[PDB]
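**Q** This one's experimental. Sequence and coordinates below.
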Amino acid sequence: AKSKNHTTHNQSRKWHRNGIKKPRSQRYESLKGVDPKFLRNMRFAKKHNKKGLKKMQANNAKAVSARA
RNA sequence: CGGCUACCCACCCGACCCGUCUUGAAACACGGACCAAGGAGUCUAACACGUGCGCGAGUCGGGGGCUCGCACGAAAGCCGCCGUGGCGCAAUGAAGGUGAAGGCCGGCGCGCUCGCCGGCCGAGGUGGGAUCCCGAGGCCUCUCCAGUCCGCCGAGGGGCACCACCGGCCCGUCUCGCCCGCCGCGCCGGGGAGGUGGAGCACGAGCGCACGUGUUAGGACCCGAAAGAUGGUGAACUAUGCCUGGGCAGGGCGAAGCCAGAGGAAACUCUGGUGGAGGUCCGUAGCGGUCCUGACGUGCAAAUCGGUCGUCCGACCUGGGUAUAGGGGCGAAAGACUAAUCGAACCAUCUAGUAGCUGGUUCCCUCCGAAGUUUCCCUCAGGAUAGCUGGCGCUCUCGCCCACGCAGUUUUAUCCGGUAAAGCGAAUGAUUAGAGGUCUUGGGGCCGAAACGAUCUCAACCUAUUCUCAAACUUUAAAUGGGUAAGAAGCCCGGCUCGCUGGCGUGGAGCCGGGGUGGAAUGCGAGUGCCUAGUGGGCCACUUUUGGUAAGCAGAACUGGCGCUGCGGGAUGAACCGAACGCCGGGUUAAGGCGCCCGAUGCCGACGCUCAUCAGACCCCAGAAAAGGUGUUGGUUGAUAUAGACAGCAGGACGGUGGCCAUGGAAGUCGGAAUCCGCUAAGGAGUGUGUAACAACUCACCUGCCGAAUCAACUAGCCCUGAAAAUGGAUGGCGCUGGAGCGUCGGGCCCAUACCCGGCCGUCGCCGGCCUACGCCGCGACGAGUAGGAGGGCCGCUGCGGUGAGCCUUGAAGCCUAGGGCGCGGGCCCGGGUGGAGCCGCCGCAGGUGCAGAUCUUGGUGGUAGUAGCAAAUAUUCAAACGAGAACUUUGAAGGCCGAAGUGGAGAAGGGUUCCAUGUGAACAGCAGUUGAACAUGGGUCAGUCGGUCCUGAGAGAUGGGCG
RNA sequence: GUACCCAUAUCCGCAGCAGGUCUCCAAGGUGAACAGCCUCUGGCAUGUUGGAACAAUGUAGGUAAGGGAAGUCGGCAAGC
RNA sequence: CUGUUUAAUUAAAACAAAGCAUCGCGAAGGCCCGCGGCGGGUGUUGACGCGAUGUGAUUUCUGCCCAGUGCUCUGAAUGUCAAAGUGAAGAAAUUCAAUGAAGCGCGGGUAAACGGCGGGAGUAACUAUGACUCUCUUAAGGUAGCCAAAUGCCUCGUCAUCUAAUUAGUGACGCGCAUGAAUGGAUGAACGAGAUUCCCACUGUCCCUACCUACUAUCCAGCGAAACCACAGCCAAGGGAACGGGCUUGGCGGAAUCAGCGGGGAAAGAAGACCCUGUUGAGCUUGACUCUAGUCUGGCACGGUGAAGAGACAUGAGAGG
RNA sequence: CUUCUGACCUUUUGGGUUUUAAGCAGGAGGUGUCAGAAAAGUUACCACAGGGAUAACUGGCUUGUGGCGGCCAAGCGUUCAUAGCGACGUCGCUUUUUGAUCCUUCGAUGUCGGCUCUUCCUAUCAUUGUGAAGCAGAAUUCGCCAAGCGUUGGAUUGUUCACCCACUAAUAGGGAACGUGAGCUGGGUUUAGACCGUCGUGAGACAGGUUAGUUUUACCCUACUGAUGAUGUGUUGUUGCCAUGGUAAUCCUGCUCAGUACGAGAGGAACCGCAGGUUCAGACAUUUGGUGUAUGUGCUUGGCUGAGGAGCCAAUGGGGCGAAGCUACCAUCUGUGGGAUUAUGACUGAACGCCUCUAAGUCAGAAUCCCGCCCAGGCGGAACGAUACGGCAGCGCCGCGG
Ligand SMILES: [Mg+2]
Ligand SMILES: [Mg+2]
Ligand SMILES: [Mg+2]
Ligand SMILES: [Mg+2]
Ligand SMILES: [Mg+2]
Ligand SMILES: [Mg+2]
Ligand SMILES: [Mg+2]
Ligand SMILES: [Mg+2]
Ligand SMILES: [Mg+2]
Ligand SMILES: [Mg+2]
Ligand SMILES: [Mg+2]
Ligand SMILES: [Mg+2]
Ligand SMILES: [Mg+2]
Ligand SMILES: [Mg+2]
Ligand SMILES: [Mg+2]
Ligand SMILES: [Mg+2]
Ligand SMILES: [Mg+2]
Ligand SMILES: [Mg+2]
Ligand SMILES: [Mg+2]
Ligand SMILES: [Mg+2]
Ligand SMILES: [Mg+2]
Ligand SMILES: [Mg+2]
Ligand SMILES: [Mg+2]
Ligand SMILES: [Mg+2]
Ligand SMILES: [Mg+2]
Ligand SMILES: [Mg+2]
Ligand SMILES: [Mg+2]
Ligand SMILES: [Mg+2]
Ligand SMILES: [Mg+2]
Ligand SMILES: [Mg+2]
Ligand SMILES: [Mg+2]
Ligand SMILES: [Mg+2]
Ligand SMILES: [Mg+2]
Ligand SMILES: [Mg+2]
Ligand SMILES: [Mg+2]
Ligand SMILES: [Mg+2]
Ligand SMILES: [Mg+2]
Ligand SMILES: [Mg+2]
Ligand SMILES: [Mg+2]
Ligand SMILES: [Mg+2]
Ligand SMILES: [Mg+2]
Ligand SMILES: [Mg+2]
Ligand SMILES: [Mg+2]
Ligand SMILES: [Mg+2]
Ligand SMILES: [Mg+2]
Ligand SMILES: [Mg+2]
Ligand SMILES: [Mg+2]
Ligand SMILES: [Mg+2]
Ligand SMILES: [Mg+2]
Ligand SMILES: [Mg+2]
Ligand SMILES: [Mg+2]
Ligand SMILES: [Mg+2]
Ligand SMILES: [Mg+2]
Ligand SMILES: [Mg+2]
Ligand SMILES: [Mg+2]
Ligand SMILES: [Mg+2]
Ligand SMILES: [Mg+2]
Ligand SMILES: [Mg+2]
Ligand SMILES: [Mg+2]
Ligand SMILES: [Mg+2]
Ligand SMILES: [Mg+2]
Ligand SMILES: [Mg+2]
Ligand SMILES: [Mg+2]
Ligand SMILES: [Mg+2]
Ligand SMILES: [Mg+2]
Ligand SMILES: [Mg+2]
Ligand SMILES: [Mg+2]
Ligand SMILES: [Mg+2]
Ligand SMILES: [Mg+2]
Ligand SMILES: [Mg+2]
Ligand SMILES: [Mg+2]
Ligand SMILES: [Mg+2]
Ligand SMILES: [Mg+2]
Ligand SMILES: [Mg+2]
Ligand SMILES: [Mg+2]
Ligand SMILES: [Mg+2]
Ligand SMILES: [Mg+2]
Ligand SMILES: [Mg+2]
Ligand SMILES: [Mg+2]
Ligand SMILES: [Mg+2]
Ligand SMILES: [Mg+2]
Ligand SMILES: [Mg+2]
Ligand SMILES: [Mg+2]
Ligand SMILES: [Mg+2]
Ligand SMILES: [Mg+2]
Ligand SMILES: [Mg+2]
Ligand SMILES: [Mg+2]
Ligand SMILES: [Mg+2]
Ligand SMILES: [Mg+2]
Ligand SMILES: [Mg+2]
Ligand SMILES: [Mg+2]
Ligand SMILES: [Mg+2]
Ligand SMILES: [Mg+2]
Ligand SMILES: [Mg+2]
Ligand SMILES: [Mg+2]
Ligand SMILES: [Mg+2]
Ligand SMILES: [Mg+2]
Ligand SMILES: [Mg+2]
Ligand SMILES: [Mg+2]
Ligand SMILES: [Mg+2]
Ligand SMILES: [Mg+2]
Ligand SMILES: [Mg+2]
Ligand SMILES: [Mg+2]
Ligand SMILES: [Mg+2]
Ligand SMILES: [Mg+2]
Ligand SMILES: [Mg+2]
Ligand SMILES: [Mg+2]
Ligand SMILES: [Mg+2]
Ligand SMILES: [Mg+2]
Ligand SMILES: [Mg+2]
Ligand SMILES: [Mg+2]
Ligand SMILES: [Mg+2]
Ligand SMILES: [Mg+2]
Ligand SMILES: [Mg+2]
Ligand SMILES: [Mg+2]
Ligand SMILES: [Mg+2]
Ligand SMILES: [Mg+2]
Ligand SMILES: [Mg+2]
Ligand SMILES: [Mg+2]
Ligand SMILES: [Mg+2]
Ligand SMILES: [Mg+2]
Ligand SMILES: [Mg+2]
Ligand SMILES: [Mg+2]
Ligand SMILES: [Mg+2]
Ligand SMILES: [Mg+2]
Ligand SMILES: [Mg+2]
Ligand SMILES: [Mg+2]
Ligand SMILES: [Mg+2]
Ligand SMILES: [Mg+2]
Ligand SMILES: [Mg+2]
Ligand SMILES: [Mg+2]
Ligand SMILES: [Mg+2]
Ligand SMILES: [Mg+2]
Ligand SMILES: [Mg+2]
Ligand SMILES: [Mg+2]
Ligand SMILES: [Mg+2]
């Protein structure tokens, strides 16, 4: 009882009925697969930022506000 | 007079018989003779999602108890120190076990890749984010003054839910090291910084009840097996033993034994009788069944009958009793018989056994609407997964010089590739021929004792060319096609963090802060979550292609179509050409067509081709080739002709030379090579016929007459030959020839459910109004559809709780009806006629709720059809009586059959009143009946000496005892 | 217990079914004979119906001139 | 040979038969029944008997192979080998070791047990074929017989007879795909409701059909079904699920009927006995898988007393390398 | 599941130690049907649910193969390509062979061959009319229009096929579901019994061979054959036409021609005419033969009526003859012509000064076509006769008014 083996007929119609839209592009996609050393350095820079940010950046903001 | 309709008839057009398996159904595929009733997705437990309700970090009394005995009460009410308990509120490890709060500010110890302290609120930050808040600005009678009065908005802020990311916390692990504590200073505990695994935490949402869908276990939508197990019943048929009885006409052959006679010296032999044996022969009764493959073959018969057969003293046939009973018995063995069933009986139960397999599966309308494909499976007639589909939503966006976002598309930049084509005087592999050079090699000829001492040639090698090819070759290389980008998620500027890297404040990432959106065209509203049926056999077509000679063959790529689909043309039709579908009126048209079927050329239509004794007449499509035509109609390349051709008529057609090679003959004429010469006006060492050769005819050539065009080869349009198949017959038919054929066209005309305008119905979107708000309006765009998914029903059936101060013996339900009428529809209302005691509307509730099929179950009725059939065994007739009725009864007579192995007289088994008498004649008797073995009534079986009872036979059987 | 059928009509086979079912008695003629045929004692209406005709086909039965198996797979049937 | 056989498609060459052979058994036995018992059949039996097989009148013949598969017999010389029993290590569970019943393995016998019986090369004064000989193989290479057979593919083999003509029949030939010796081979009087060939007489089997008789069939009187039925029935061509009756184009088309007929209705009788699928069954067989009755051995109790003897363990002592 | 490796790890259940076991992580022991069950064969004694998703029939698509043709022309043909063949190449038709695919058929289409019978096809074996030869005659070979008429009797085989004998003008090829099984036959294939050979340990298998092996139903519709009828002409009858459909004739022998034409001989025709015969068709019974139940007559076996005489019975007792009727190629009679034309041969005659059967026009022309003869006569019509007593009637024609 030989039958049909494999065809791709009437497949593009099934695909285009729902759509072949591109994947959802969003900001801050992901951080997976990134170098572990680079990720560790980024975490350290993010967690040590508020130590010196809230003072020197505030002083510079006051200075630029006095400038303009 | 008006009247649609469930009345009948006629014409015009269209019209194949329904249901399901299938790519394909009206099929010469299956089911259906018809009608009435019954008939198929239910219920329980569990799970998932969605919706309604109540409570809410809680929720739930379903389990019990309490009040008072109760028709409604197997209800309802309550427990409150009955919440035991289930679910959720805490997760992570196999386990010992552990087990979730961040942020700001300042200080100190080296504010150290650095802990602690003190104060506060208290679940971080970034980019989006409905909504809300603030808000420059301008919008209302003459004016500076105002609170309401008119009234939107640039920009900015805190930001629900939700989305993405970063960080934070908990549990199990791996690396690194250091610190703290002691009910006891230890292979005792606790803590940190980094990478990972968790169904986690990071202000919680679950619980209980009901409904709908989907999956699953229950017989589980309905009907259906071959089979398996348990426990019992059959030897009245048949197979076999045993016991006890019965039966087998007549003839033929002539075994042993016996007697007599004859022959012989003896042994002995021979002859004629008698004798009556045989698993003997012909043959009857009996027992079986060879052939006619005879008759029947819905029969006499679920195995028979007529001839013809084999055996008939036996291994014979047969009655009764008795023993063996189902994986068993019995078997002169055919797996035959075992109660019409035997390669494993019957009966009841498990059992509604299972089926990936057939068949069926019941009311209407509206909306949406496929797949035969990927992967896996002992998978290929199936299932799971993905995909296609539907439903429920949810989050936002427009609606009062500018949008977020998207696209089977184009435009601009940008790469990617190795097909089509082309090439091999370019790589690789195949490949024909020529030209030159030869270093060498091999085969021939030459000078000559031989010799790379010399020479000619061939093969081989090299060089520059040359002809033809590669899906598994390629320098080069298309079209088509694939990806990306065309902004605010971007750019410029400044400053902080890094434990990453490092000459360097170097590089790179992260964060913060203020300033500047108009960035290719066109079109469009987008995003997202959950549940989910069906599908998982396909087919066809333009083009590209694999195997095959080819196929209406098998297998692929894109797109379209059928299946899932009607309509107008192709006469006919699955795929072709147009075109897609609510009900209508008008106009137009696509494809196609205008001689009649059949609507339209019935145009004073145009140009040209074509004649068939087989014309021709429209993609798929239903017919044909190589080749040929002095049949016509066009074209090309050429050659001749007033220095008079081509055709026709007439004349010449000679000499060297009967030339050289041949020979039985070649003297132009069978052959090989050649092939000239001289006078001429021209004659060819000769185009053909003929002779064995010579002769003869004739031709090339020249000339005489006529007199102006002609000859030859190819090429392509119609037509013709090529062209033969079986029932009579297919441009669709009739037919058509100044066309109704072929080619090129013009102006009109014909009609589709297509287009435009308008009415009506429904869906969707936008909405409008403070008029059943679940109602009433307005505008616009769309309506097909199998499998399947949803919504509505004031469609229908049954019963229950309310309600209609409901209808009815002045007529309920039901049934019938050329009557009226409503709704698109399921259906319903009224009138009339039967009928004689119940029924219905509205609001909710629960179903054993809708039939056209299932070789569906039961019951009834048709065509067949007053048909087949009342024919195995020789045969009936006359008169009379009883009777309404005579062929079937009775009596008499005549003619016949069974003819003693009977169609007679008696019995055993079996039947049980069938035996007898009387009486009726609807039923029985296959017609009839006065008749009967039918019906009703009443009678009938008399035993010491007929048999049972008595006795044992094969055999069955209790106690003693044994086993269980 | 004692009737009756004991059967092509009282049994079984779905029935008044050419089927099946165990025994006794059994004459005369022809003839070897209980073969076949014809009669007597004893039974019967021809087997679930009759009338009219004698077409084809059919079911059983018998002949056919000349040939004699030449038909057929086979001398099947029929025939001697 | 007589006889029996598939009731209801077979009557036979099949089965059976006397005869001829072989196997087991001396009763605490052989072959079987049985859930059970020292229960039952043979057995009211005892080797001229019982039980289990093969071949199949009489005569003559019974060839060669034990390699394999089966059957049987032997020695605790000899390998494998379960429970139970013994010793050792360990606190014990446990582990190790010594020995080891049947069976298997080894060896012998048996083929009237199942079965089998090959293949090359050189050699005769016409040549070939071939008297004769060498060689591989395993256990032995078809002996005596018989044949194109009921056994032969080539084949309708070749020759002779039978015929006018023969794929038939008979006789003979014989590297015979693939005959053959109790798998029985060769004959063979009588008898086959056995199959086949020829001949004589015979006849309607036929040339070549015709006629006659009885019962139907036929019409009528009376009585009266069933099978089947989607609706129903005139054809040609085309398309179509590729062979229509209904569709399209044409040919055409008057009621109701009787007697035959068998071309059609792809006629009826039955969910194809043929082929395939089923993760559907049943019968049967075996060196398919897993089990079991039964059967053969070993151990444990029933199961008790005496004597003699062998092997090992522990004990003290004397020889040895 | 087993084994190994590591923690100076976890649990070994009332609490401790130890053996052991379980537990975590990763390496190995395998699913070759490789996303992974543990698995021999036969059933012809077979069964069930299904499949035309899937073979054995036919039909359908193509024709490789088979058969049948055409073109080119190297050559055969003594000479000479094409009288007759024609290689190397190449182009077509057919489904009378086989093969390829599986489209309809699995709730069945009865599947070989033979017998009987009808029709059709032509790629013609013979017959009618013709052309060409290496056609002197005869016998032959190649084509043209041509299917009207024939294409037999047997030996062996189941056979399709094939071979042989004989006859004949010739013994040609096919189709219709490989025509035809509710027509037959069952010889083989293809069930169940059994035998032999080979294969298999076995059950069993063999497109190997040999034997015996149930052949069911029509009464329905149509078609066909025949018979009543129906429609319309007012009724009925007689005499008549045919529109239409069917269609029948075919072949051979002997004699005169003629031992002639022809041919050197050997050999050896043809036209007209005369006798017939084969097959087929229509009938017919005087003669001949069949049948026979006038149960006509006369013998004869057994029994029966007492015996003669007369008879009867024995499923028409047998047999010798036989009227009438039916019947036989087993006897007898008969079977017939006109037209237009095909193939072909010709006339006049241009295209194309000539030629030419053609281009327009003419001629002859046949088993083929049609009709004539014959068969039945239509939802076809004509010509003629009679047309309703009896007592009241009834029915026609003319003229009529309502
Ligand atoms: Mg598939
Ligand atoms: Mg239905
Ligand atoms: Mg199916
Ligand atoms: Mg199909
Ligand atoms: Mg259908
Ligand atoms: Mg059908
Ligand atoms: Mg059918
Ligand atoms: Mg039916
Ligand atoms: Mg109903
Ligand atoms: Mg609690
Ligand atoms: Mg069942
Ligand atoms: Mg089982
Ligand atoms: Mg039992
Ligand atoms: Mg008995
Ligand atoms: Mg005898
Ligand atoms: Mg004899
Ligand atoms: Mg007899
Ligand atoms: Mg019989
Ligand atoms: Mg019998
Ligand atoms: Mg027989
Ligand atoms: Mg018969
Ligand atoms: Mg009959
Ligand atoms: Mg007899
Ligand atoms: Mg005899
Ligand atoms: Mg006898
Ligand atoms: Mg059993
Ligand atoms: Mg039986
Ligand atoms: Mg059983
Ligand atoms: Mg069920
Ligand atoms: Mg599949
Ligand atoms: Mg979706
Ligand atoms: Mg490529
Ligand atoms: Mg290329
Ligand atoms: Mg296919
Ligand atoms: Mg295809
Ligand atoms: Mg479908
Ligand atoms: Mg669609
Ligand atoms: Mg469509
Ligand atoms: Mg159409
Ligand atoms: Mg197009
Ligand atoms: Mg289109
Ligand atoms: Mg319109
Ligand atoms: Mg048009
Ligand atoms: Mg018109
Ligand atoms: Mg043509
Ligand atoms: Mg067409
Ligand atoms: Mg076609
Ligand atoms: Mg031309
Ligand atoms: Mg025509
Ligand atoms: Mg529309
Ligand atoms: Mg719709
Ligand atoms: Mg109601
Ligand atoms: Mg009343
Ligand atoms: Mg009442
Ligand atoms: Mg119901
Ligand atoms: Mg119904
Ligand atoms: Mg039914
Ligand atoms: Mg009733
Ligand atoms: Mg009826
Ligand atoms: Mg009748
Ligand atoms: Mg009868
Ligand atoms: Mg009277
Ligand atoms: Mg009487
Ligand atoms: Mg008498
Ligand atoms: Mg007697
Ligand atoms: Mg008697
Ligand atoms: Mg009475
Ligand atoms: Mg009666
Ligand atoms: Mg009585
Ligand atoms: Mg009574
Ligand atoms: Mg007395
Ligand atoms: Mg007594
Ligand atoms: Mg007892
Ligand atoms: Mg006791
Ligand atoms: Mg009595
Ligand atoms: Mg009887
Ligand atoms: Mg009887
Ligand atoms: Mg006598
Ligand atoms: Mg006498
Ligand atoms: Mg009578
Ligand atoms: Mg009777
Ligand atoms: Mg005769
Ligand atoms: Mg005679
Ligand atoms: Mg004779
Ligand atoms: Mg003879
Ligand atoms: Mg024969
Ligand atoms: Mg006979
Ligand atoms: Mg017997
Ligand atoms: Mg028989
Ligand atoms: Mg014993
Ligand atoms: Mg013997
Ligand atoms: Mg031997
Ligand atoms: Mg041995
Ligand atoms: Mg032990
Ligand atoms: Mg020699
Ligand atoms: Mg030999
Ligand atoms: Mg012999
Ligand atoms: Mg013969
Ligand atoms: Mg052998
Ligand atoms: Mg041999
Ligand atoms: Mg005679
Ligand atoms: Mg037709
Ligand atoms: Mg056909
Ligand atoms: Mg057709
Ligand atoms: Mg039909
Ligand atoms: Mg119609
Ligand atoms: Mg139609
Ligand atoms: Mg009739
Ligand atoms: Mg008939
Ligand atoms: Mg079936
Ligand atoms: Mg499967
Ligand atoms: Mg079975
Ligand atoms: Mg796999
Ligand atoms: Mg099996
Ligand atoms: Mg058998
Ligand atoms: Mg198919
Ligand atoms: Mg087929
Ligand atoms: Mg049938
Ligand atoms: Mg049929
Ligand atoms: Mg003819
Ligand atoms: Mg046929
Ligand atoms: Mg046979
Ligand atoms: Mg057989
Ligand atoms: Mg002469
Ligand atoms: Mg002469
Ligand atoms: Mg005749
Ligand atoms: Mg006569
Ligand atoms: Mg006569
Ligand atoms: Mg007489
Ligand atoms: Mg007499
Ligand atoms: Mg007398
Ligand atoms: Mg008699
Ligand atoms: Mg007579
Ligand atoms: Mg006579
Ligand atoms: Mg005649
Ligand atoms: Mg002519």
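**A** Looks like it came in fine. Numbers count the residues shown, from 1 in each chain, chains lettered A, B, ... in the order given. Ligands and ions are numbered 1, 2, ... in the order given.

**Q** Nearest to RNA strand E: which residue in chain A?
**A** With CB to the nearest atom of the strand as the measure, the residue in chain A that lies nearest RNA strand E is residue A:1; the distance is 3.5 Å. (C-beta placed from N, C-alpha, C; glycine too.)

**Q** Give the burial count for that residue, as a bare number.
**A** Look at residue A:1: counted by other CB atoms under 10 Å, it has 2 neighbours.

**Q** anything in the longest helix along chain A sitting right up against RNA strand B?
**A** With DSSP state H setting the assignment, residue counts place helix A:49-67 as the longest helix in chain A. Yes - part of helix A:49-67 sits close enough to RNA strand B to count as contact by CB under 7 Å from any atom of the strand, namely A:49, A:50, A:51, A:52, A:53, A:54, A:55, A:56, A:57, A:60, A:61, A:64.

**Q** from the residues you listed, which single one is nearest residue A:17?
**A** Within the residues of helix A:49-67 next to RNA strand B, proximity to residue A:17 (CB to CB) peaks at residue A:49, which comes in at 49.7 Å.

**Q** Distance of that closest one relative to residue A:55?
**A** Distance check for residue A:49 against residue A:55: by CB to CB, to the nearest Å, it reads 12 Å.

**Q** now swap in residue A:4 and tell me
**A** 75 Å.

**Q** and if you look at residue A:23?
**A** The gap separating residue A:23 from residue A:55 is 43 Å, by CB to CB.

**Q** Among those two, which residue is more densely surrounded?
**A** Each of residue A:23 and residue A:55 has its neighbours counted (other CB under 10 Å); residue A:55 has more, 10 against 5.
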